[PDB]
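Containing mmCIF, C-alpha atoms and all ligand atoms: run.cif.
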data_coords
loop_
_atom_site.label_atom_id
_atom_site.label_comp_id
_atom_site.auth_asym_id
_atom_site.auth_seq_id
_atom_site.Cartn_x
_atom_site.Cartn_y
_atom_site.Cartn_z
CA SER S 1 -25.18 -13.53 34.85
CA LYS S 2 -26.48 -10.70 32.68
CA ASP S 3 -28.98 -12.72 30.71
CA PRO S 4 -32.71 -12.45 31.28
CA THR S 5 -34.07 -15.31 33.37
CA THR S 6 -37.26 -16.51 35.05
CA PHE S 7 -35.25 -16.81 38.31
CA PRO S 8 -33.54 -13.43 38.64
CA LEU S 9 -30.84 -13.00 41.26
CA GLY S 10 -31.44 -10.65 44.12
CA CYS S 11 -29.56 -8.81 46.81
CA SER S 12 -29.16 -8.92 50.58
CA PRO S 13 -28.20 -5.46 51.87
CA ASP S 14 -26.85 -4.96 55.39
CA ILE S 15 -29.25 -2.10 56.08
CA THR S 16 -31.94 -1.80 58.73
CA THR S 17 -34.06 0.78 56.81
CA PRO S 18 -33.84 1.16 53.01
CA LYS S 19 -34.74 4.45 51.27
CA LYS S 20 -38.25 4.56 49.73
CA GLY S 21 -38.68 4.79 45.95
CA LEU S 22 -36.64 4.60 42.79
CA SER S 23 -34.28 7.21 41.40
CA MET S 24 -35.21 9.02 38.17
CA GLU S 25 -33.25 10.85 35.49
CA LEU S 26 -35.06 12.84 32.78
CA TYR S 27 -33.55 13.74 29.45
CA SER S 28 -34.53 15.82 26.47
CA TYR S 29 -35.40 14.23 23.14
CA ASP S 30 -35.51 16.45 20.04
CA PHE S 31 -37.53 16.38 16.87
CA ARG S 32 -35.68 16.38 13.53
CA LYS S 33 -35.42 19.73 11.75
CA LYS S 34 -38.57 21.32 10.30
CA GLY S 35 -39.39 19.92 6.86
CA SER S 36 -38.29 16.41 7.93
CA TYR S 37 -40.66 13.51 7.18
CA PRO S 38 -41.36 12.02 9.65
CA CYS S 39 -40.83 14.92 12.03
CA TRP S 40 -39.63 12.67 14.81
CA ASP S 41 -36.13 11.12 15.06
CA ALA S 42 -35.73 7.31 14.98
CA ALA S 43 -32.73 7.58 17.36
CA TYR S 44 -34.87 6.27 20.18
CA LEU S 45 -34.73 2.84 18.52
CA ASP S 46 -30.94 2.95 17.88
CA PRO S 47 -29.67 -0.11 19.78
CA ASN S 48 -27.29 2.11 21.79
CA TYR S 49 -29.93 4.70 22.67
CA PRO S 50 -30.98 3.11 26.02
CA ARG S 51 -27.35 2.50 27.05
CA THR S 52 -25.46 5.64 25.98
CA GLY S 53 -27.35 7.61 23.33
CA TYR S 54 -29.79 9.16 25.79
CA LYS S 55 -26.84 10.89 27.49
CA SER S 56 -25.98 12.82 24.33
CA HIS S 57 -28.98 14.91 25.25
CA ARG S 58 -29.57 17.39 28.06
CA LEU S 59 -30.02 15.95 31.58
CA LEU S 60 -33.20 17.74 32.64
CA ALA S 61 -33.73 16.47 36.19
CA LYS S 62 -32.41 13.95 38.69
CA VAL S 63 -34.62 13.01 41.59
CA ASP S 64 -35.23 10.39 44.26
CA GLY S 65 -38.31 8.88 45.88
CA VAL S 66 -40.29 7.79 42.85
CA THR S 67 -43.01 5.35 43.94
CA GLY S 68 -46.74 4.84 44.07
CA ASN S 69 -48.69 4.50 40.83
CA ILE S 70 -46.28 5.41 38.01
CA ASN S 71 -48.76 4.86 35.16
CA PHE S 72 -49.66 7.75 32.86
CA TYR S 73 -51.28 8.70 29.59
CA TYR S 74 -50.47 12.19 28.17
CA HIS S 75 -52.89 13.06 25.33
CA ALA S 76 -51.17 15.53 23.00
CA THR S 77 -53.27 17.92 20.92
CA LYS S 78 -50.89 18.61 18.03
CA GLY S 79 -48.61 16.41 15.95
CA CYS S 80 -44.94 17.19 15.51
CA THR S 81 -45.01 19.86 18.20
CA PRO S 82 -43.34 20.05 21.61
CA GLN S 83 -46.09 20.45 24.22
CA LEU S 84 -45.56 20.97 27.94
CA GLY S 85 -47.15 18.93 30.69
CA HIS S 86 -46.48 17.08 33.95
CA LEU S 87 -45.65 13.66 35.26
CA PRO S 88 -47.94 12.28 37.96
CA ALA S 89 -47.18 13.23 41.57
CA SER S 90 -45.68 9.77 42.15
CA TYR S 91 -42.59 10.88 40.18
CA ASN S 92 -41.52 13.59 42.74
CA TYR S 93 -40.87 16.10 39.95
CA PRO S 94 -43.49 18.82 39.74
CA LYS S 95 -41.67 20.96 37.11
CA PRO S 96 -43.11 20.98 33.63
CA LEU S 97 -41.49 19.12 30.77
CA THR S 98 -42.06 18.38 27.08
CA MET S 99 -44.35 15.41 27.62
CA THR S 100 -44.59 14.92 23.84
CA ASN S 101 -40.85 14.25 23.51
CA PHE S 102 -38.63 13.09 26.38
CA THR S 103 -36.68 10.20 27.85
CA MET S 104 -36.84 8.82 31.36
CA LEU S 105 -34.65 6.44 33.28
CA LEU S 106 -35.77 4.83 36.58
CA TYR S 107 -33.59 2.53 38.70
CA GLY S 108 -33.42 0.92 42.12
CA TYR S 109 -34.73 -2.25 43.67
CA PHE S 110 -38.04 -4.17 43.77
CA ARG S 111 -38.76 -6.00 47.04
CA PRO S 112 -41.60 -8.52 46.84
CA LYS S 113 -44.11 -9.12 49.68
CA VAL S 114 -44.75 -12.68 48.54
CA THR S 115 -42.71 -15.60 47.27
CA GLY S 116 -43.81 -16.97 43.93
CA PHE S 117 -44.40 -16.26 40.25
CA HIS S 118 -44.97 -12.56 39.56
CA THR S 119 -46.31 -11.52 36.19
CA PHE S 120 -45.51 -7.94 35.24
CA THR S 121 -47.50 -6.40 32.39
CA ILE S 122 -46.09 -3.39 30.55
CA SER S 123 -47.23 -1.17 27.74
CA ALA S 124 -45.86 2.11 26.35
CA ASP S 125 -46.07 4.89 23.81
CA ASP S 126 -43.36 4.98 22.50
CA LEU S 127 -41.14 2.57 24.38
CA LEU S 128 -40.49 0.97 27.75
CA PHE S 129 -37.51 -1.34 28.22
CA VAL S 130 -37.17 -3.27 31.51
CA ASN S 131 -34.20 -5.00 33.12
CA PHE S 132 -34.77 -7.03 36.26
CA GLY S 133 -32.34 -8.96 38.41
CA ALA S 134 -28.77 -8.69 39.55
CA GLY S 135 -26.48 -8.52 36.57
CA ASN S 136 -29.31 -8.12 34.14
CA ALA S 137 -30.13 -4.66 35.52
CA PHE S 138 -27.02 -3.91 37.61
CA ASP S 139 -24.88 -5.49 40.35
CA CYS S 140 -25.95 -5.64 43.96
CA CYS S 141 -25.02 -2.42 45.81
CA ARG S 142 -22.59 -1.82 42.92
CA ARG S 143 -24.89 0.24 40.69
CA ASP S 144 -22.59 3.16 39.91
CA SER S 145 -19.90 0.83 38.50
CA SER S 146 -22.29 -1.46 36.54
CA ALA S 147 -25.06 1.04 35.48
CA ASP S 148 -24.09 1.08 31.80
CA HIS S 149 -23.62 -2.70 31.57
CA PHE S 150 -27.14 -4.08 31.77
CA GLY S 151 -27.98 -7.17 29.77
CA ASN S 152 -30.67 -8.02 27.31
CA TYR S 153 -34.09 -6.78 28.36
CA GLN S 154 -36.45 -8.81 30.45
CA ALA S 155 -39.44 -7.12 28.83
CA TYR S 156 -40.04 -4.41 26.30
CA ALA S 157 -42.89 -2.62 24.58
CA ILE S 158 -42.59 -0.53 21.43
CA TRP S 159 -45.49 1.41 19.93
CA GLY S 160 -45.99 0.25 16.35
CA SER S 161 -45.19 -3.41 17.00
CA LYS S 162 -47.95 -6.00 16.61
CA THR S 163 -49.18 -5.24 20.19
CA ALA S 164 -47.09 -2.66 22.17
CA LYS S 165 -47.55 -4.77 25.36
CA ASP S 166 -45.36 -7.38 27.06
CA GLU S 167 -45.42 -9.71 30.01
CA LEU S 168 -42.66 -10.82 32.23
CA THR S 169 -43.17 -13.77 34.57
CA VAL S 170 -40.41 -14.16 37.15
CA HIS S 171 -40.22 -16.20 40.33
CA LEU S 172 -39.22 -14.00 43.29
CA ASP S 173 -38.48 -14.52 46.98
CA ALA S 174 -40.29 -12.37 49.57
CA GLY S 175 -38.10 -9.64 51.10
CA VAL S 176 -35.25 -9.99 48.61
CA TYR S 177 -34.14 -6.78 46.81
CA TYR S 178 -34.08 -7.16 43.00
CA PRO S 179 -32.22 -4.61 40.81
CA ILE S 180 -34.66 -3.00 38.35
CA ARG S 181 -34.17 -0.57 35.47
CA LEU S 182 -36.98 1.09 33.51
CA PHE S 183 -36.16 3.03 30.37
CA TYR S 184 -38.92 5.09 28.70
CA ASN S 185 -39.17 7.34 25.67
CA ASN S 186 -41.78 9.47 23.91
CA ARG S 187 -40.75 10.45 20.36
CA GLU S 188 -43.79 12.64 19.53
CA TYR S 189 -47.49 13.18 20.36
CA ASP S 190 -49.12 10.98 23.03
CA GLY S 191 -46.96 9.43 25.72
CA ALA S 192 -48.05 6.52 27.93
CA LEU S 193 -46.50 4.11 30.41
CA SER S 194 -48.23 1.19 32.15
CA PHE S 195 -46.38 -1.02 34.70
CA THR S 196 -48.43 -3.37 36.91
CA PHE S 197 -48.21 -6.91 38.23
CA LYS S 198 -50.14 -9.89 39.59
CA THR S 199 -49.03 -12.90 41.59
CA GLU S 200 -50.48 -16.41 41.69
CA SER S 201 -51.51 -15.86 45.34
CA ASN S 202 -54.53 -13.66 44.42
CA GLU S 203 -56.49 -12.06 41.56
CA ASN S 204 -55.81 -8.36 42.27
CA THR S 205 -53.68 -6.22 39.99
CA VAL S 206 -50.96 -4.22 41.77
CA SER S 207 -50.45 -0.75 40.34
CA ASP S 208 -49.28 1.13 43.45
CA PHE S 209 -45.62 0.33 44.18
CA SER S 210 -45.42 2.23 47.49
CA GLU S 211 -44.14 -0.63 49.57
CA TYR S 212 -42.21 -2.32 46.77
CA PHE S 213 -39.71 0.18 45.32
CA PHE S 214 -36.50 1.00 47.21
CA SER S 215 -33.07 2.56 46.80
CA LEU S 216 -29.88 1.24 48.43
CA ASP S 217 -26.49 2.84 48.77
CA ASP S 218 -23.63 1.27 46.91
CA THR S 219 -20.83 -0.26 49.01
CA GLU S 220 -17.27 -1.13 48.14
CA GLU S 221 -17.94 -4.88 48.53
CA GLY S 222 -21.49 -4.97 47.13
CA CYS S 223 -24.42 -6.81 48.70
CA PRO S 224 -24.98 -10.05 46.71
CA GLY S 225 -27.41 -12.74 47.83
CA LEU S 226 -26.58 -16.44 48.41
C1 LIG Q 301 -47.94 7.07 12.99
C2 LIG Q 301 -47.91 8.57 13.06
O1 LIG Q 301 -47.00 9.27 12.59
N1 LIG Q 301 -48.99 9.07 13.66
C3 LIG Q 301 -49.25 10.48 13.81
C4 LIG Q 301 -49.46 10.84 15.26
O2 LIG Q 301 -48.24 10.64 16.01
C5 LIG Q 301 -48.07 9.37 16.63
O3 LIG Q 301 -49.08 9.21 17.60
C6 LIG Q 301 -49.02 7.89 18.14
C7 LIG Q 301 -50.25 7.65 18.97
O4 LIG Q 301 -51.42 7.61 18.12
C8 LIG Q 301 -47.72 7.78 18.94
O5 LIG Q 301 -47.70 8.62 20.09
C9 LIG Q 301 -46.50 8.11 18.11
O6 LIG Q 301 -45.36 8.23 18.96
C10 LIG Q 301 -46.70 9.39 17.32
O7 LIG Q 301 -45.64 9.56 16.40
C11 LIG Q 301 -49.91 12.30 15.36
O8 LIG Q 301 -48.86 13.17 14.99
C12 LIG Q 301 -51.14 12.57 14.47
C13 LIG Q 301 -51.54 14.04 14.52
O9 LIG Q 301 -52.88 14.20 14.01
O10 LIG Q 301 -50.85 12.19 13.13
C14 LIG Q 301 -50.52 10.81 13.02
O11 LIG Q 301 -50.25 10.49 11.66
CA CA Q 302 -45.60 9.02 21.21
#
Starting from the file, give its structure as structure tokens.
Ligand SMILES: CC(=O)N[C@@H]1[C@@H](O[C@@H]2O[C@H](CO)[C@H](O)[C@H](O)[C@H]2O)[C@@H](O)[C@@H](CO)O[C@H]1O
Ligand SMILES: [Ca+2]
Amino acid sequence: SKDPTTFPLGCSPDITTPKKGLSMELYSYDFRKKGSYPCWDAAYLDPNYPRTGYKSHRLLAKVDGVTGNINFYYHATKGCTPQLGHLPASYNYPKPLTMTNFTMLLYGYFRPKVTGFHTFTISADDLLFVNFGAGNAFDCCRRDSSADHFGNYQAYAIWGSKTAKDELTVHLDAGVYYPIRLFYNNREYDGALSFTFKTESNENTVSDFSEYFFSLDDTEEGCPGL
């Protein structure tokens, strides 16, 4: 149920109009004390960090309606220094934040337009961990109760690996709502996130998620498929 799979389970909500976009939570991420070498904290790679550790830091912002092109590259100018900047407009959060050092959680549902094999390509500085599918990300219209219980990642990218890029090929059904969780961190300096996909049905890369990302209310019974 929770394991990654090429045939992720999806959801069938009883809702005539879903809400556009994913939800986002932003969290602080500190450097180690001055005189530390390296200056940055390796906590971001603690195995618990994407599940619980990120919540030991300050919740900075919680917003809805994240969609469009969510890709970014923040070029820092100084090492081992908090520097302010902005997320792209697509994130619905125009306040400044420490773009050199922060954590971001996105969640909601991906609804495909076509049926078939989708190949998602991701890259990140410093990390992007992706869950995708009911159970693997969270349970259908039962997100609040299953949010902390995601399974092993469907895809991940870590700066400093051999390549810092990953693919995920999954077969999806058009119009089905698939639970998705993105977890991002910048430890220091530059920060970057790339999230795009292709399908077998044409050669174009999709980078604008405007009619693909949705939010659904939880219900007592949930909204499983099949
Ligand atoms: C490996 C390392 O410590 N590099 C320093 C730079 O910081 C890293 O930058 C990479 C991207 O190149 C990445 O964002 C990583 O998260 C950062 O830790 C930077 O501080 C630079 C300043 O001149 O020095 C490098 O040594
Ligand atoms: Ca970085």
Note to self: List as a ChimeraX atom specification the protein and nucleic acid residues near residue 39 in chain S, meaning an atom at most 12 Å away when only C-alpha atoms are counted, but skip any in the same chain fewer than 5 places from it.
What the structure shows: /S:30-34,79-82,101,187-189
Selection export as a PDB file, in the frame of the given file, atoms kept: C-alpha atoms:
ATOM      1  CA  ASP S  30     -35.510  16.450  20.040  1.00  0.00           C
ATOM      2  CA  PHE S  31     -37.530  16.380  16.870  1.00  0.00           C
ATOM      3  CA  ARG S  32     -35.680  16.380  13.530  1.00  0.00           C
ATOM      4  CA  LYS S  33     -35.420  19.730  11.750  1.00  0.00           C
ATOM      5  CA  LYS S  34     -38.570  21.320  10.300  1.00  0.00           C
ATOM      6  CA  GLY S  79     -48.610  16.410  15.950  1.00  0.00           C
ATOM      7  CA  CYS S  80     -44.940  17.190  15.510  1.00  0.00           C
ATOM      8  CA  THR S  81     -45.010  19.860  18.200  1.00  0.00           C
ATOM      9  CA  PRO S  82     -43.340  20.050  21.610  1.00  0.00           C
ATOM     10  CA  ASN S 101     -40.850  14.250  23.510  1.00  0.00           C
ATOM     11  CA  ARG S 187     -40.750  10.450  20.360  1.00  0.00           C
ATOM     12  CA  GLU S 188     -43.790  12.640  19.530  1.00  0.00           C
ATOM     13  CA  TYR S 189     -47.490  13.180  20.360  1.00  0.00           C
TER      14      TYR S 189
END
Item checked: Protein and nucleic residues near ligand CA 302 (chain Q), 9 Å, all atoms listed in the file, as a PyMOL selection string -> chain S and resi 76+100-101+124-127+159+185-192
Notebook entry, point to check: Which residue gives the smallest distance to residue 93 in chain S among S:63, S:22, S:164, S:15, with all atoms listed in the file counted?
Noted result: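 Looking only at the distances to residue 93 in chain S, the closest residue turns out to be S:63.
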3 Å per side around ligand LIG 301 (chain Q): axis-aligned box centre and edge lengths, as JSON:
{"center_x": -49.1, "center_y": 10.6, "center_z": 15.9, "size_x": 13.5, "size_y": 13.1, "size_z": 14.4}
Next item on the list: Quick one: pull the distance between CA of residue 20 in chain S and CA of residue 86 in chain S, Å, one decimal.
Entry: 21.8 Å
Next item on the list: May I ask which of the residues S:49, S:74, S:138, S:29 is the closest one to ligand LIG 301 (chain Q), counting only C-alpha atoms and all ligand atoms?
Entry: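 For ligand LIG 301 (chain Q), the nearest of the candidates is S:74.
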Next item on the list: Could you check which of S:113, S:58, S:181, S:171 is closest to residue 153 in chain S, using all atoms listed in the file?
Entry: S:181
Margin query: Would you compute the distance between atom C9 of ligand LIG 301 (chain Q) and CA of residue 71 in chain S? Give it in Å to one decimal.
Written below: 17.5 Å
Next item on the list: Rank S:217, S:41, S:208, S:139 by their smallest atom-to-atom distance to ligand LIG 301 (chain Q), using all atoms listed in the file, and report the top residue only.
Entry: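 For ligand LIG 301 (chain Q), the nearest of the given residues is S:41.
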Check: In terms of the shortest atom-to-atom distance over all atoms listed in the file, which of S:178, S:120, S:27, S:91 is closest to residue 224 in chain S?
Finding: S:178
Item checked: Among listed residues S:226, S:155, S:87, S:99, nearest ligand LIG 301 (chain Q) (using only C-alpha atoms and all ligand atoms) -> S:99
Hey, what's within 10 Å of residue 118 in chain S if we count all atoms listed in the file and toss same-chain stuff fewer than 5 positions away? As a short mmCIF file (atom, residue, chain, number, x, y, z; two decimals) with C-alpha atoms, in the frame of the given file, please?
data_model
loop_
_atom_site.label_atom_id
_atom_site.label_comp_id
_atom_site.auth_asym_id
_atom_site.auth_seq_id
_atom_site.Cartn_x
_atom_site.Cartn_y
_atom_site.Cartn_z
CA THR S 6 -37.26 -16.51 35.05
CA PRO S 112 -41.60 -8.52 46.84
CA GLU S 167 -45.42 -9.71 30.01
CA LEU S 168 -42.66 -10.82 32.23
CA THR S 169 -43.17 -13.77 34.57
CA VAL S 170 -40.41 -14.16 37.15
CA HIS S 171 -40.22 -16.20 40.33
CA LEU S 172 -39.22 -14.00 43.29
CA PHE S 197 -48.21 -6.91 38.23
CA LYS S 198 -50.14 -9.89 39.59
CA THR S 199 -49.03 -12.90 41.59
CA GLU S 200 -50.48 -16.41 41.69
CA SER S 201 -51.51 -15.86 45.34
#
